[PDB]
Amino acid sequence: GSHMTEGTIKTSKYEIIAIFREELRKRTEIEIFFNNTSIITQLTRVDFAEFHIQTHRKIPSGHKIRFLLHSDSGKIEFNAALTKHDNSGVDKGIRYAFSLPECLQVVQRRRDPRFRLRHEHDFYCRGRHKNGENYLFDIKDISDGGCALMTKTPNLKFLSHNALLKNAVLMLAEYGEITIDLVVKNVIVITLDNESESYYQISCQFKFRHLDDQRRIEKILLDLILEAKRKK
């Protein structure tokens, strides 16, 4: 375009490449999110098709990863899938290659995907495990990417890391029901002391079946967030 600056959304391949090369040169901090974890590092290489980072951590593959480039111009958020990985022979670290993003969004706000919203609503998740056993969970918090489920009587063998809860149903009161697949990410036991009660919290990632399902979730979020703000 004719202006110096214009879009918070970048889709031009040439601009995107140009932006990565510049941030590389400025040693801009890149933040990588996966599951529970966030690491800060720098871009180690930029070419026409891919960008590299190096880290000793294991990062899930075959899945789009959330990034944040903490540029001077604002946070540049994008998703990118891992294409290659091996040992970059620096303290024997791992060199990851990611495909260049095809869309960038410059935001001034830090949108940490690891955070989930607490609420007052009567939301539950019901379904059957692989062996036909019924389960029920309280939906304690929720984001557009996942939720925390809670129960005092978990069937732990079906809740291992990356275990899949297929055909799980989100009972969302006034918002209706949403059948979805959940990927178990993390299980912790929270104990309240005052007699003692232990609650199991299972953190899950949504595997949506349609955009319509995600949009419904996003509308609920906007309602919950608004409610939470009005609560201050």
Side-chain angles (χ1 to χ4, degrees), residues 1-117 143-146 161-162 183 185-186 203 205-208 210-211 214-215 217-218 221-222 225:
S2 299
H3 293 179
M4 300 285 297
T5 68
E6 248 340 281
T8 59
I9 301 287
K10 322 292 198 176
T11 52
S12 166
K13 178 212 310 167
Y14 302 100
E15 189 181 5
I16 285 156
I17 295 176
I19 284 165
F20 269 71
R21 290 190 179 278
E22 178 168 71
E23 302 304 324
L24 163 82
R25 175 177 76 193
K26 303 207 299 183
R27 293 182 51 259
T28 299
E29 293 97 344
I30 184 169
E31 191 164 8
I32 319 175
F33 300 98
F34 40 99
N35 309 325
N36 231 28
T37 306
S38 160
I39 83 181
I40 302 290
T41 186
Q42 265 75 12
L43 293 160
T44 56
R45 186 192 173 90
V46 178
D47 61 50
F48 60 100
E50 294 168 335
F51 70 90
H52 295 193
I53 58 96
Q54 296 166 23
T55 175
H56 282 88
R57 326 289 291 206
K58 287 75 154 55
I59 306 168
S61 185
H63 182 57
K64 282 291 191 62
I65 310 302
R66 261 278 258 280
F67 294 81
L68 213 53
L69 274 168
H70 299 266
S71 176
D72 296 324
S73 57
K75 313 298 179 193
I76 312 173
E77 69 182 73
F78 60 97
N79 296 270
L82 190 166
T83 65
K84 312 163 186 171
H85 86 250
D86 52 79
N87 294 89
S88 196
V90 202
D91 188 27
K92 259 309 180 296
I94 300 146
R95 180 173 75 263
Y96 291 96
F98 291 90
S99 279
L100 278 174
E102 295 165 319
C103 200
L104 296 175
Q105 176 167 315
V106 182
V107 290
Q108 31 206 15
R109 173 191 170 210
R110 174 198 178 83
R111 292 115 143 276
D112 199 310
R114 303 174 298 168
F115 283 86
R116 296 179 311 278
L117 181 55
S143 64
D144 54 29
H161 177 81
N162 274 335
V183 174
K185 283 303 174 183
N186 219 82
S203 293
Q205 191 183 97
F206 290 144
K207 289 299 174 180
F208 290 100
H210 322 76
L211 271 71
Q214 173 195 286
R215 275 197 176 102
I217 291 297
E218 286 167 329
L221 280 173
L222 298 179
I225 297 168

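For this chain, numbers begin at 1 and follow the sequence in order. Basis for what follows: all heavy atoms, side chains included, without hydrogens, waters or symmetry-related copies.
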> Of all residues at least two apart in sequence or in a different chain, which pass the side chain to side chain donor-acceptor pair (under 3.5 Å) check with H161?
Replying inline: none
>> Once side chain to side chain donor-acceptor pair (under 3.5 Å) is applied, do any residues pair with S88, and if so which ones, sequence neighbours excluded?
In response: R95
>> List the residues meeting side chain to side chain donor-acceptor pair (under 3.5 Å) with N87, not counting sequence neighbours, and say none if there are none.
In response: none
>> Using the salt bridge (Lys or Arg N to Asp or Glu O under 4.0 Å) criterion, which residues pair with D112? Sequence neighbours excluded.
In response: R110, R114
> Quick one: salt bridge (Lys or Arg N to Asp or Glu O under 4.0 Å) partners of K13, sequence neighbours excluded?
Replying inline: none
> Who are the ring-ring contact (aromatic ring centres under 6.0 Å, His included) partners of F67, not counting sequence neighbours?
Replying inline: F51, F78, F98
>> Run the salt bridge (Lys or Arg N to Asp or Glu O under 4.0 Å) test against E218 and tell me which residues pass, sequence neighbours left out.
In response: none
For residues 16-25, which side-chain donor-acceptor pairs fall under 3.5 Å, sequence neighbours excluded?
{"unit_1": "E23", "atom_1": "OE1", "unit_2": "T28", "atom_2": "OG1", "d": "2.4"}
{"unit_1": "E23", "atom_1": "OE1", "unit_2": "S71", "atom_2": "OG", "d": "3.3"}
{"unit_1": "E23", "atom_1": "OE2", "unit_2": "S71", "atom_2": "OG", "d": "3.0"}

> Do any pairs count as a ring-ring contact (aromatic ring centres under 6.0 Å, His included) and have a residue in residues 24-43, sequence neighbours left out, and if so which ones?
Replying inline: none
> With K185, which residues qualify under salt bridge (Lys or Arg N to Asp or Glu O under 4.0 Å), at least two apart?
Replying inline: none
> Got a sec, which pairs hit salt bridge (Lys or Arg N to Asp or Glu O under 4.0 Å) with one end in residues 52-76, sequence neighbours left out?
Replying inline: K26-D72
>> So, using side chain to side chain donor-acceptor pair (under 3.5 Å) as the criterion, who are the partners of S38 when residues are at least two apart?
In response: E31
